[PDB]
Amino acid sequence: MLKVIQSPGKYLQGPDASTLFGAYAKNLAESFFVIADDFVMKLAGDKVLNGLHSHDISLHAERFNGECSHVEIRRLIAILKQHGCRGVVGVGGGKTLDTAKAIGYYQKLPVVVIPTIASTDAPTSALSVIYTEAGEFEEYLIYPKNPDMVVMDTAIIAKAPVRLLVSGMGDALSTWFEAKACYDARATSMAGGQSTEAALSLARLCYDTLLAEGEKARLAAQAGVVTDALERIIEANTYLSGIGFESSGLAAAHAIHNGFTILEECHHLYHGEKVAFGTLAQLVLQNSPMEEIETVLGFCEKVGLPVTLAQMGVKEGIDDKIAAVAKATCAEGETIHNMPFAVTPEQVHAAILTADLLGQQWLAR
Amino acid sequence: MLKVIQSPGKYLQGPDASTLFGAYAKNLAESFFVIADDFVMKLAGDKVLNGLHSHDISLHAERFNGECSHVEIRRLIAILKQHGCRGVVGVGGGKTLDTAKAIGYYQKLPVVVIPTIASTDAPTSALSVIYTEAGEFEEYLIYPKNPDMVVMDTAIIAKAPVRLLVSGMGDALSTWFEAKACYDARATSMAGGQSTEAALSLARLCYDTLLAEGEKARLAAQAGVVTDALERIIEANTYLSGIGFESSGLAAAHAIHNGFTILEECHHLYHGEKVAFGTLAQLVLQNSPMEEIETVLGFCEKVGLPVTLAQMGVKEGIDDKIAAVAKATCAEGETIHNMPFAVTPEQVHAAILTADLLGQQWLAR
Amino acid sequence: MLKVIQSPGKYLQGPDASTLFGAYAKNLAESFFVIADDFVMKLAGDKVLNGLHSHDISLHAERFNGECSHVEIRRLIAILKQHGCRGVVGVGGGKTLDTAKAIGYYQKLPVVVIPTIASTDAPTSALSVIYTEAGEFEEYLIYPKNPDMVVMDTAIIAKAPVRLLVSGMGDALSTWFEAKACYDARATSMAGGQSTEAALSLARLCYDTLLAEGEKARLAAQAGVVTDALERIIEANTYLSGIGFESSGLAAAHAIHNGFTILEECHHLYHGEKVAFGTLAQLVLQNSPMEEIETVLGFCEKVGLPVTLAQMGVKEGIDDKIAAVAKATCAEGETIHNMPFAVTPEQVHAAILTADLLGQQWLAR
Amino acid sequence: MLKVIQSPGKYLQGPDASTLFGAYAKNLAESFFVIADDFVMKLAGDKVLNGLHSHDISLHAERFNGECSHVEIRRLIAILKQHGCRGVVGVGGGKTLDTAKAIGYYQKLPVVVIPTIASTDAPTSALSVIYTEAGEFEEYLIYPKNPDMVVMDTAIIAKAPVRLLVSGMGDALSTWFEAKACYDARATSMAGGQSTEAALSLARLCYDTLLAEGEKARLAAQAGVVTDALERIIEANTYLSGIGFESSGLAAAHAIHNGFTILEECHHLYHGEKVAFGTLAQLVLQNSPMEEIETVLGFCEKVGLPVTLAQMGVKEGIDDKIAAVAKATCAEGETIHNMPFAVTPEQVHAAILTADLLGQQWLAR
Amino acid sequence: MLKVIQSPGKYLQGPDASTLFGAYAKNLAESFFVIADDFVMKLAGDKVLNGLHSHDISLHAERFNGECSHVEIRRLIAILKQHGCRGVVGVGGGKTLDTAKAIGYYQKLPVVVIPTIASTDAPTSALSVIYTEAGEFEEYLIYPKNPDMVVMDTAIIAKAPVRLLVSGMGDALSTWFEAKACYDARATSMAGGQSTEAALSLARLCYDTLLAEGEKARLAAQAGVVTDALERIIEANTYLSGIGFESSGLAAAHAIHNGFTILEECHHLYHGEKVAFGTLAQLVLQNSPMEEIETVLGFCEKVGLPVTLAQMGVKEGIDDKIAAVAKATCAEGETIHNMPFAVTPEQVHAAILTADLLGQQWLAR
Ligand SMILES: [Zn+2]
Ligand SMILES: [Zn+2]
Ligand SMILES: [Zn+2]
Ligand SMILES: [Zn+2]
Ligand SMILES: [Zn+2]
């Protein structure tokens with residue numbers, strides 16, 4: 001088999017990156033179609049447009065309705081065509097960025113993504129999560145190409161609610177364990193082959209960076225301020241975790257996250273918070289040693305990530321609900337079959353319940 | 001002298017093992033005489049019979065009265081003869097399994113033992129503990145042959161009361177210390193010679209597995225569920241501890257257990273719980289270092305095993321009762337004379353009292 | 001998803017074990033059919049018969065023609081039937097012992113094997129290598145049952161040519177690496193399921209024992225004498241390696257050994273010598289680190305095992321011959337498909353040639 | 001300079017040693033003059049006499065008035081002469097044993113000392129502490145010869161009040177630090193020269209034994225019972241500490257002990273308890289590292305030895321009283337001048353006050 | 001079950017110790033009977049007499065005939081009686097010192113031993129090796145009492161042939177291994193009981209001192225000069241090894257030494273040289289790890305001690321001669337039965353031959 005790794009063409013990160021990226025963007029296209037929701041358009045949109053203008057780039061800004069749907073994509077494409085813009089910029093959260101990727105794909109245009117929050121590792125991926133207009137999940141669009149640019153303005157990201165950065169560390173904490181499980185399993189990644197050592201090494205660096213820098217970063221983020229620990233964690237959360245999942249692989253943790261979406265009590269939790277618990281379930285599943293379980297429990301408690309079912313809103317009917325979560329986890333096509341051993345709905349149910357009891361004892365010690 | 005190790009022919013372990021063992025059983029005999037108490041016959045008996053039938057094996061199931069006595073053996077043998085069954089299956093607890101071994105021995109038939117609980121290391125041994133009909137101990141029957149098969153259905157074992165699995169870890173915790181004491185003493189085992197390195201290595205693996213996996217297993221067992229930590233502990237409790245005691249040796253811990261049976265206050269405690277304290281007494285007896293005493297104390301407290309006389313129901317008249325326990329420990333034929341130094345009833349009394357004080361201080365720290 | 005481990009009922013080892021095993025044999029049967037070639041019958045046959053007689057066991061000794069063939073089995077069975085003997089004893093090398101196993105299987109009788117040489121790990125297995133009368137390989141007979149007894153007289157084994165004990169260490173050196181490769185691959189063993197920790201632990205102990213004791217044992221064996229290092233190595237070579245391969249698994253090393261039997265220049269080499277080189281090829285195949293390659297190279301050179309193609313008699317036409325060896329290694333049903341990654345005839349050819357170059361450089365340093 | 005080490009001829013230790021030492025005593029003399037106070041004469045005197053009689057040794061037992069004075073020595077000598085006894089046995093505490101040494105010295109007779117308590121390291125020394133009849137210290141008599149026998153019956157010693165054994169560990173804890181300070185200083189010992197490595201090594205073993213065995217011993221002593229930890233601590237307290245101080249050297253700790261005898265508030269404390277604090281003062285004096293101070297503080301707190309002035313009864317007028325203790329410590333002839341650096345009454349005052357503050361903080365943490 | 005340690009009253013060591021010991025000797029007796037051979041009487045006798053005279057001690061010097069025989073003892077006693085001397089001094093080698101001990105024993109007098117060579121650990125022991133007038137071994141006289149003084153003049157010892165100091169290190173190298181083997185075996189020592197930790201600790205210090213200081217000392221001894229490495233080795237060779245063997249125990253090494261005295265080819269070797277090889281045989285016998293065998297081989301080669309039979313003069317008829325040496329080693333009453341396992345003449349033969357092969361390979365590497 002071939003080893004494959006993919007990457008966005010360029011990844012930029014630092015103070016004022018949203019006003020400094022024009023130099024590199026100029027070489028991608030002579031004009032850009034910029035999208036954002038109204039909140040983000042007023043916060044960072046006006047600065048981005050002024051900066052792109054200062055490098056002699058023609059722009060048309062347009063409002064995003066808040067959902068990454070096929071209808072919304074086609075509506076914005078129609079406006080893009082009318083103006084004849086040669087690139088696409090997305091500014092804001094996950095749904096905005098994913099819509100910018102789709103527009104770039106269908107129009108064969110270069111894509112710039114400018115996350116204003118560091119809460120997922122989606123920004124670097126050649127992936128969009130497609131929703132209906134009502135907000136229910138529909139499908140995944142996997143693209144041949146990653147975004148041409150990823151721009152992380154850490155002055156803007158620092159001022160976002162601390163909870164979002166913590167959810168980002170929860171999403172990133174899973175990367176080493178799922179990557180390493182795919183590596184041991186010889187499981188294919190989204191890149192299309194086995195893992196390179198490069199991708200797996202960055203998966204591991206992600207994890208060591210969270211342990212080294214996670215707490216120093218969270219406190220800087222709490223204050224609303226930019227330190228080099230936050231810079232390291234933003235890179236961990238975005239570039240290291242992003243290359244890690246796409247080119248090394250997903251496994252149990254993210255399958256269990258998808259299993260938990262069937263319970264409405266978990267809908268108040270962010271993507272990465274559920275993944276943090278799912279990682280803990282994966283550790284019990286692959287029988288990681290106790291001091292490894294304790295470092296992850298210790299990390300999660302310290303930063304504010306859920307280590308028990310109760311912290312995820314599941315308080316009643318546990319046996320039946322976890323059985324249902326376990327079945328949906330092991331559904332055909334799910335990433336849990338990338339584990340290097342046999343997984344059954346019984347053994348995922350087992351892992352989730354034991355993980356919960358490990359987290360209860362830990363919080364009560 | 002010769003080095004000797006003995007083993008059951010085959011040891012099977014996993015989910016649904018009680019319905020999957022027919023493939024291997026078919027080669028031992030064309031028909032089987034299956035025994036169990038009424039509780040166990042309804043819980044796991046009907047599945048075992050259906051599974052054996054599916055591999056074309058003729059069966060007659062018969063009720064076990066609950067005591068491993070000579071009278072009960074002879075009653076069941078008489079029924080076995082009437083049906084002409086070519087093998088014996090025991091399903092259930094210690095007394096049921098030991099009766100199946102005796103029947104197999106006296107009739108020269110192959111034996112299958114199917115423990116539904118993982119609370120002792122007896123299942124693999126060529127040993128039966130014989131009782132009177134009233135329930136008083138009578139003698140030990142040591143056989144030339146181990147059971148031909150040992151089948152551990154971990155889905156059934158997981159659902160047993162957690163206390164039984166913990167008592168099993170208490171019985172297993174003694175194996176390394178008594179094995180190693182017989183090895184140092186050059187003391188003969190039940191196998192009939194000195195210890196092989198194989199048997200001693202498995203004795204040590206038993207101990208390291210308890211420390212590594214014991215807590216993760218207990219919580220899975222608490223939830224009623226099967227994890228790979230429980231699988232490791234069930235193997236530790238059954239195969240590793242079983243080969244360990246029979247082919248490496250018993251020593252102080254089990255002699256002290258036998259010493260404690262003279263006190264009626266200890267009759268509510270299970271075999272392995274008393275052995276856990278007896279192991280602690282052996283550590284003080286052989287003067288193991290403090291951090292070794294602390295790892296065992298720490299293990300016992302954490303899982304729920306007695307580290308003090310009070311936790312074993314001995315609250316009054318301590319000096320006189322421990323003196324009597326000390327005398328009965330050093331009785332002729334007891335395994336404490338396998339220690340690599342001189343033991344007297346005074347020095348066992350000493351060890352028990354000091355161990356108690358070590359456990360009090362530990363629980364109060 | 002069952003874990004399985006199998007074992008011979010009893011394994012005996014020490015000085016004069018061939019004259020002391022009657023105590024345990026008496027409980028298996030009241031009479032024994034003893035087989036050996038003429039060389040072995042005069043060396044150790046007369047002592048074995050006198051010892052069995054001293055424990056009141058009836059015997060008939062019969063001559064073995066030197067080949068483990070279906071014809072030879074049926075000839076000896078016919079004589080066994082005429083005398084009405086209730087057990088089978090084999091004394092001597094691999095072909096004698098394997099014929100005793102077959103006789104025991106087809107007649108449903110207990111089996112005692114008494115290896116006079118410690119050159120393979122076959123003695124404990126439920127396996128016979130069947131040959132034609134001319135000496136060409138025909139098939140494998142895998143039995144449900146292991147030998148009931150394995151008796152290792154280390155006074156007799158010590159006096160055998162040193163080369164045979166060294167070939168035994170070469171066969172045993174492969175056990176950890178193939179076991180561990182099956183464990184990582186989740187590959188089924190001859191026992192019939194996944195590996196227990198017991199079997200894998202003994203596989204590892206085999207390897208550590210060779211490194212610790214291998215040189216001290218070889219020199220004792222050179223002198224013709226019994227030390228406790230030789231006792232440890234005889235156990236490593238027989239019990240530890242035997243449980244290791246049968247219940248943990250075979251993989252690349254033994255498949256490559258089978259690949260080399262197509263070259264007539266290798267026919268002068270013993271089983272375990274070819275396995276030692278095959279293990280080296282497996283290390284390059286699974287990309288073990290250099291320090292691990294160097295410990296194995298260092299061990300092999302020191303004891304006298306081949307680390308280069310030239311030491312195995314392959315001097316000319318290397319590219320074509322190794323290509324043919326590589327194809328036969330990857331034949332359907334071979335144990336190389338138990339590796340935890342994709343193996344092709346190209347990558348086995350690659351590994352063998354690189355291993356050869358590693359061994360040349362090592363010998364010339 | 002010469003290196004010198006001295007020792008008692010024989011040191012005996014174990015259960016029932018006071019009734020088993022007759023075999024060795026028989027070779028020293030054909031008759032013995034035995035002394036003890038009335039309490040000790042009834043407790044252990046009658047057994048000792050019966051045991052000496054059983055090895056055919058003539059005896060006269062005589063009462064000791066309780067003080068090691070010149071008057072008492074001369075009174076007992078006069079009675080010894082009247083009976084014509086050829087040896088001397090002392091049974092009991094320090095003052096009894098020291099009087100037996102003096103009698104042996106002045107009469108040129110062999111000496112046996114039988115400590116019934118393990119609270120000082122005096123028993124092995126060629127030293128007697130001479131008092132007036134009223135109980136005030138008078139002088140030291142240093143002898144050319146050590147006791148010919150030292151007999152430690154650990155069954156009798158175990159039953160003594162726990163506080164005495166703890167005071168013995170306090171006296172012994174000083175041995176390594178004062179020995180090592182004399183070794184570094186090249187200071188002469190009572191043996192008469194520099195330290196041998198033997199004596200210094202035993203000084204160090206004393207210290208490591210207290211840390212390893214001190215707590216296990218104290219609890220056995222609390223219960224009134226004999227374990228091998230108590231045996232190790234009795235040897236540490238008596239033989240290891242005894243050879244340590246006499247043949248390696250005393251230094252600051254014991255000088256400070258002598259300094260504290262000027263304060264009447266300290267008269268309720270035993271010799272070794274004051275030495276334990278004096279050792280702590282020596283650590284601050286020689287500027288031992290913090291983790292060394294913490295291991296000694298930790299040891300002292302755990303066993304029950306004073307780490308503060310208040311625990312020694314000094315609660316008021318601290319500055320003036322410690323100044324007076326500091327002057328008396330640095331008096332001409334004191335062992336503090338064996339330190340490897342300049343000591344002044346100011347720097348001993350300093351050390352004592354800082355040590356006190358280290359002990360307060362430690363107890364309050 | 002008593003622990004016993006014995007010692008000489010005082011041990012002196014340093015430059016000019018033979019002229020400085022009078023201070024301590026004066027307190028033992030008012031006059032001394034001094035013995036030495038003519039060589040030693042002229043070398044160091046005249047200085048010793050002048051020094052004893054300077055402390056006002058009356059002396060009569062008398063010539064020693066060179067053999068420690070009953071006849072020689074009785075001849076010198078008769079002269080001692082005529083002069084009425086109150087003590088005994090021996091100056092010179094082993095036979096002189098042992099005769100001084102016997103004279104002191106039979107006359108009930110104090111003993112001073114002044115070894116002019118550091119080649120054995122006999123000087124401190126309560127032991128004399130008795131010979132016939134012709135020089136054949138007769139018996140051992142074990143005394144109740146050790147020498148009252150042991151005086152080591154390191155200026156005199158330094159000038160002795162280097163070979164003698166090296167033989168002393170060979171005798172001392174065995175002490176830890178035989179002591180530790182008696183400790184593990186719970187074997188009684190010459191002191192009369194089990195080992196104290198003191199005696200075993202000094203046994204170990206002996207061994208660590210040889211490895212640390214042995215080479216630096218040998219070169220100083222080669223030059224004829226006194227360094228502190230030589231002082232450490234003289235103490236190791238005399239005090240540490242002496243307390244080690246007498247109060248901890250002898251085992252295989254010294255039994256094998258006694259076994260080798262039956263071969264006339266070994267009569268040119270000194271006591272300790274044969275013990276060095278015997279220690280190597282003990283390592284193979286107890287199966288010490290390879291790295292430990294290599295440190296001892298490395299030490300022996302470096303200093304000049306035999307590691308092969310050929311270096312001990314055994315070149316021909318090896319099998320038969322080593323068999324005879326093996327039988328005489330295992331004779332009833334020999335110290336090899338203090339090993340913690342079964343020893344047979346076959347397994348000592350085995351160990352000696354394998355040790356030889358280990359030493360050949362080592363010298364040829
Ligand atoms: Zn994610
Ligand atoms: Zn048990
Ligand atoms: Zn093989
Ligand atoms: Zn003191
Ligand atoms: Zn010696």
# chains A, B, ... in the order shown; residues from 1 in each chain; ligands from 1
>>> residues_near_ligand(ligand="ligand 2", cutoff="9 Å", atoms="only C-alpha atoms and all ligand atoms", output="mmCIF file with N, CA and C atoms, in the first residue's frame")
data_model
loop_
_atom_site.group_PDB
_atom_site.id
_atom_site.type_symbol
_atom_site.label_atom_id
_atom_site.label_comp_id
_atom_site.auth_asym_id
_atom_site.auth_seq_id
_atom_site.Cartn_x
_atom_site.Cartn_y
_atom_site.Cartn_z
ATOM 1 N N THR B 120 -11.588 -18.092 43.116
ATOM 2 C CA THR B 120 -10.504 -18.940 43.599
ATOM 3 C C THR B 120 -9.653 -19.386 42.418
ATOM 4 N N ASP B 121 -8.495 -19.974 42.725
ATOM 5 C CA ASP B 121 -7.591 -20.548 41.719
ATOM 6 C C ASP B 121 -7.643 -22.087 41.709
ATOM 7 N N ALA B 122 -8.667 -22.641 42.371
ATOM 8 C CA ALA B 122 -8.927 -24.069 42.393
ATOM 9 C C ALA B 122 -9.254 -24.702 41.029
ATOM 10 N N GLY B 168 -11.267 -13.325 44.655
ATOM 11 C CA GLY B 168 -10.376 -13.990 43.706
ATOM 12 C C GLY B 168 -9.033 -13.316 43.541
ATOM 13 N N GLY B 170 -7.668 -11.492 45.927
ATOM 14 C CA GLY B 170 -7.037 -11.750 47.219
ATOM 15 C C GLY B 170 -6.343 -13.092 47.282
ATOM 16 N N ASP B 171 -6.950 -14.108 46.668
ATOM 17 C CA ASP B 171 -6.368 -15.456 46.583
ATOM 18 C C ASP B 171 -5.160 -15.464 45.654
ATOM 19 N N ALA B 172 -5.239 -14.657 44.604
ATOM 20 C CA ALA B 172 -4.203 -14.575 43.578
ATOM 21 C C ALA B 172 -2.995 -13.746 44.010
ATOM 22 N N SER B 174 -1.575 -13.718 46.825
ATOM 23 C CA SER B 174 -0.666 -14.579 47.589
ATOM 24 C C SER B 174 0.281 -15.433 46.756
ATOM 25 N N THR B 175 0.013 -15.577 45.465
ATOM 26 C CA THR B 175 0.667 -16.618 44.667
ATOM 27 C C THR B 175 2.144 -16.365 44.479
ATOM 28 N N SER B 241 -2.619 -17.904 38.674
ATOM 29 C CA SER B 241 -2.571 -18.226 40.096
ATOM 30 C C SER B 241 -2.616 -19.738 40.308
ATOM 31 N N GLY B 242 -3.415 -20.426 39.488
ATOM 32 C CA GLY B 242 -3.551 -21.880 39.532
ATOM 33 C C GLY B 242 -2.296 -22.681 39.240
ATOM 34 N N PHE B 245 0.310 -21.791 42.237
ATOM 35 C CA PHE B 245 0.269 -22.444 43.559
ATOM 36 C C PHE B 245 0.598 -23.942 43.478
ATOM 37 N N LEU B 250 2.637 -23.416 47.721
ATOM 38 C CA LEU B 250 2.007 -22.673 48.813
ATOM 39 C C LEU B 250 2.973 -22.548 49.992
ATOM 40 N N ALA B 253 1.033 -17.778 53.814
ATOM 41 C CA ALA B 253 -0.286 -17.158 53.630
ATOM 42 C C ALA B 253 -1.478 -18.119 53.730
ATOM 43 N N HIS B 254 -1.355 -19.268 53.083
ATOM 44 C CA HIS B 254 -2.423 -20.294 53.053
ATOM 45 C C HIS B 254 -2.471 -21.136 54.330
ATOM 46 N N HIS B 257 -4.343 -18.764 56.627
ATOM 47 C CA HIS B 257 -5.755 -18.923 56.253
ATOM 48 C C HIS B 257 -6.383 -20.115 56.945
ATOM 49 N N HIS B 271 -12.696 -17.445 51.139
ATOM 50 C CA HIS B 271 -11.342 -18.018 51.081
ATOM 51 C C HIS B 271 -10.244 -16.991 50.778
ATOM 52 N N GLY B 272 -10.414 -16.257 49.686
ATOM 53 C CA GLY B 272 -9.392 -15.338 49.219
ATOM 54 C C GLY B 272 -9.207 -14.071 50.032
ATOM 55 N N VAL B 275 -6.923 -15.059 52.764
ATOM 56 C CA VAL B 275 -5.600 -15.226 52.146
ATOM 57 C C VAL B 275 -4.916 -13.868 51.932
#
>>> residues_around(residues="residue E:177", least_positions_apart="5", cutoff="9 Å", atoms="only C-alpha atoms", output="ChimeraX atom specification")
/E:182,203-204,207,250-253,279,282-283
>>> write_last_selection(atoms="C-alpha atoms", output="compact mmCIF listing (two decimals), in the first residue's frame")
# COMPACT_ATOMS: atom_id res chain seq x y z
CA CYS E 182 25.32 -19.24 54.02
CA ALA E 203 31.51 -9.47 53.77
CA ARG E 204 29.96 -7.29 51.03
CA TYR E 207 34.02 -7.46 47.83
CA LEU E 250 32.30 -20.54 54.37
CA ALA E 251 30.66 -22.48 51.53
CA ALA E 252 31.58 -23.93 48.07
CA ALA E 253 34.75 -21.97 47.23
CA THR E 279 34.96 -18.77 43.83
CA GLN E 282 30.92 -21.40 42.99
CA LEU E 283 29.49 -18.72 40.63
>>> interface_residues(of="chain E", to="chain D", cutoff="10 Å", atoms="only C-alpha atoms", output="ChimeraX atom specification")
/E:1-17,20-21,24-28,143-154,191-194,196-199,201-202,205-206,209,231-232,235-236,239-240
>>> residues_around(residues="residue E:265", least_positions_apart="2", cutoff="12 Å", atoms="only C-alpha atoms", output="mmCIF file with N, CA, C and O atoms, in the first residue's frame")
data_model
loop_
_atom_site.group_PDB
_atom_site.id
_atom_site.type_symbol
_atom_site.label_atom_id
_atom_site.label_comp_id
_atom_site.auth_asym_id
_atom_site.auth_seq_id
_atom_site.Cartn_x
_atom_site.Cartn_y
_atom_site.Cartn_z
ATOM 1 N N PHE E 260 41.065 -29.471 45.852
ATOM 2 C CA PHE E 260 42.252 -29.350 44.983
ATOM 3 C C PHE E 260 43.577 -29.747 45.632
ATOM 4 O O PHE E 260 44.566 -29.977 44.914
ATOM 5 N N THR E 261 43.625 -29.835 46.963
ATOM 6 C CA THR E 261 44.872 -30.202 47.647
ATOM 7 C C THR E 261 45.294 -31.663 47.421
ATOM 8 O O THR E 261 46.436 -32.012 47.714
ATOM 9 N N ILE E 262 44.390 -32.495 46.889
ATOM 10 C CA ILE E 262 44.713 -33.893 46.532
ATOM 11 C C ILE E 262 45.606 -34.009 45.278
ATOM 12 O O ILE E 262 46.225 -35.047 45.055
ATOM 13 N N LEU E 263 45.646 -32.957 44.460
ATOM 14 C CA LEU E 263 46.474 -32.924 43.256
ATOM 15 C C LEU E 263 47.798 -32.224 43.559
ATOM 16 O O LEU E 263 47.807 -31.065 43.985
ATOM 17 N N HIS E 267 50.183 -27.868 44.403
ATOM 18 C CA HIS E 267 50.908 -27.565 45.649
ATOM 19 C C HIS E 267 51.798 -26.313 45.560
ATOM 20 O O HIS E 267 52.108 -25.713 46.579
ATOM 21 N N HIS E 268 52.201 -25.925 44.351
ATOM 22 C CA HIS E 268 52.928 -24.661 44.151
ATOM 23 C C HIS E 268 52.058 -23.385 44.305
ATOM 24 O O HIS E 268 52.602 -22.284 44.434
ATOM 25 N N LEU E 269 50.730 -23.531 44.295
ATOM 26 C CA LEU E 269 49.823 -22.391 44.433
ATOM 27 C C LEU E 269 49.531 -22.068 45.888
ATOM 28 O O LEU E 269 49.409 -22.969 46.713
ATOM 29 N N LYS E 274 44.028 -20.543 44.853
ATOM 30 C CA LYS E 274 43.096 -21.659 44.667
ATOM 31 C C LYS E 274 41.657 -21.298 45.040
ATOM 32 O O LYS E 274 40.711 -21.787 44.413
ATOM 33 N N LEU E 309 42.066 -24.022 34.762
ATOM 34 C CA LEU E 309 42.790 -25.151 35.322
ATOM 35 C C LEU E 309 44.272 -25.131 34.955
ATOM 36 O O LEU E 309 45.108 -25.437 35.801
ATOM 37 N N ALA E 310 44.592 -24.747 33.715
ATOM 38 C CA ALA E 310 45.989 -24.679 33.252
ATOM 39 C C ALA E 310 46.838 -23.704 34.064
ATOM 40 O O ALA E 310 47.983 -24.016 34.391
ATOM 41 N N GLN E 311 46.283 -22.544 34.419
ATOM 42 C CA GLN E 311 46.987 -21.596 35.304
ATOM 43 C C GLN E 311 47.227 -22.114 36.729
ATOM 44 O O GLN E 311 48.035 -21.542 37.463
ATOM 45 N N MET E 312 46.498 -23.155 37.122
ATOM 46 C CA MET E 312 46.710 -23.876 38.380
ATOM 47 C C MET E 312 47.563 -25.154 38.251
ATOM 48 O O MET E 312 47.664 -25.927 39.214
ATOM 49 N N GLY E 313 48.161 -25.383 37.077
ATOM 50 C CA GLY E 313 49.045 -26.526 36.851
ATOM 51 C C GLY E 313 48.378 -27.834 36.453
ATOM 52 O O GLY E 313 49.069 -28.863 36.350
ATOM 53 N N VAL E 314 47.059 -27.826 36.238
ATOM 54 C CA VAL E 314 46.328 -29.028 35.810
ATOM 55 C C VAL E 314 46.180 -28.990 34.289
ATOM 56 O O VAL E 314 45.334 -28.267 33.759
ATOM 57 N N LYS E 315 47.006 -29.775 33.597
ATOM 58 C CA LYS E 315 47.021 -29.807 32.127
ATOM 59 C C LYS E 315 46.547 -31.124 31.501
ATOM 60 O O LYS E 315 46.038 -31.110 30.390
ATOM 61 N N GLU E 316 46.722 -32.234 32.218
ATOM 62 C CA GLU E 316 46.455 -33.576 31.691
ATOM 63 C C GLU E 316 45.579 -34.368 32.636
ATOM 64 O O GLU E 316 45.524 -34.068 33.833
ATOM 65 N N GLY E 317 44.906 -35.388 32.092
ATOM 66 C CA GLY E 317 43.988 -36.244 32.851
ATOM 67 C C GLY E 317 42.886 -35.489 33.568
ATOM 68 O O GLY E 317 42.494 -35.869 34.666
ATOM 69 N N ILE E 318 42.375 -34.431 32.927
ATOM 70 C CA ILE E 318 41.447 -33.472 33.553
ATOM 71 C C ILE E 318 40.166 -34.112 34.082
ATOM 72 O O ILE E 318 39.778 -33.861 35.227
ATOM 73 N N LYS E 321 40.847 -36.323 37.234
ATOM 74 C CA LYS E 321 41.337 -35.502 38.357
ATOM 75 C C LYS E 321 40.277 -34.566 38.935
ATOM 76 O O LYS E 321 40.215 -34.383 40.152
#
>>> select_by_dssp(residues="stretch 72-216 of chain C", states="strand (DSSP E or B)", output="number ranges by chain")
C: 87-92, 111-115, 127-131, 137-142, 149-153, 194
>>> residues_around(residues="residue A:158", least_positions_apart="5", cutoff="7 Å", atoms="only C-alpha atoms", output="number ranges by chain")
A: 221, 224-226
>>> residues_around(residues="stretch 55-59 of chain E", least_positions_apart="2", cutoff="10 Å", atoms="only C-alpha atoms", output="VMD selection string")
chain E and resid 20 to 26 29 to 34 49 to 53 61 to 62 83 85 to 89
>>> atom_distance(atom1="atom CA of residue E:301", atom2="atom CA of residue E:362")
8.8 Å
>>> atom_distance(atom1="atom CA of residue A:293", atom2="atom CA of residue A:355")
9.3 Å
>>> select_by_dssp(residues="stretch 84-311 of chain B", states="helix (DSSP H, G or I)", output="ChimeraX atom specification")
/B:94-107,154-158,162-185,197-223,228-247,252-260,264-266,271-285,290-303,310-311
>>> closest_residue(among="E:341, E:322, E:291, E:238", to="ligand 5", atoms="only C-alpha atoms and all ligand atoms")
E:238
>>> atom_distance(atom1="atom CA of residue E:277", atom2="atom CA of residue E:307")
5.6 Å
